[PDB]
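There is one chain below, alone, in structure tokens, taken in the form solved without the named molecule.
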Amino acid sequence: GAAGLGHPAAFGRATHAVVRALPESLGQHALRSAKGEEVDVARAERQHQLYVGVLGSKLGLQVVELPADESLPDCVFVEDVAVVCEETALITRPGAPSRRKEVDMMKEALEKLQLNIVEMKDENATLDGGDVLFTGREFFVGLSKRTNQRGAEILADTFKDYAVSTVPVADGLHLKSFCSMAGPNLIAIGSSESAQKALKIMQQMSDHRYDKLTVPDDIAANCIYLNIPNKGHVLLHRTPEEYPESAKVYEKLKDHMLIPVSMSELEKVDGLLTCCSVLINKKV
């Protein structure tokens, strides 16, 4: 019953998505926060293809698919190299120096989409897109092992229409390792002490209180909210096969079109749902 909320300028409206195929080198060579199980690269490819099929085939977005680069094992995680807000694209300077060559082809793709490009070139600045939470009315930027204060300052200078606040992020995480937007004014949030401390800080800094959807698995707090024509609220979330008790929480969004999306292989290299796309609203 959310279909009445379809609007060309609604929060979460997108027309285009940029994604990038994963290389075979991802299985052995992609960075990961913990030693774990062997990545099944063929299964990861199939899951990525299904994720792309949701964005393009099921939801109707125009998907730009960048080719894999075997020398960039993390290149599937396009979120980290660009932040798009309205008509402006910030090309980031990733915290991991070997990922910085990923920005070149993202830049070309976003230039083709007629976006206004700003490049993070300050040699003292790092920022991963995964540390950036855009709520629809402000930005929160995680200060992490990958994103620093200067990177957040450049983001604030680039997106002059929005307030920007920083939040400290622990250990080897990104801000969106445990949160994301699940709808207008609605933050999905994990249950760990790290996640709860972070939400407390963002709530205290903001002009207004966000609603929250608390899930028991931090990783399952990473979802993709979209507002799609003739549907309204749409949410991609981790499957009940992967995280049954978090999927049950999302089931309460009775006016959302809920789409379960498997990501069990890329999870092994810290790849969550938001990581694998950059969303753009090209207003016609």
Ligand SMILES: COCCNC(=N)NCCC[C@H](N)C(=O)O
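Residues carry their position along the shown sequence, with the first being 1.
Only in words, not in the display: the form solved in complex with the named molecule, which the text now covers.
- This form leaves room for the named molecule: after superposition of the C-alphas round the site, using its pose in the deposited bound form, no atom of it sits within 2.4 Å of a backbone or C-beta atom.
- Contact check for residue 130: a non-hydrogen atom falls within 4.5 Å of the named molecule in the deposited bound form.
- Within this chain, residue 253 is remote from the site of the named molecule in the deposited bound form, having no heavy atom within 4.5 Å.
- When the named molecule is considered in the deposited bound form, residue 246 lies well away from it, no heavy atom lying within 4.5 Å.
- Residue contact with the named molecule in the deposited bound form: residue 32 places a heavy atom within 4.5 Å of it.
- Stretch 174-182 is the contacting one of 85-93, 174-182, 157-165, 210-218, since its residues have non-hydrogen atoms within 4.5 Å of the named molecule in the deposited bound form.
- A heavy atom within 4.5 Å of the named molecule in the deposited bound form is found for one listed residue only; from 269, 19, 14, 263, this is 269.
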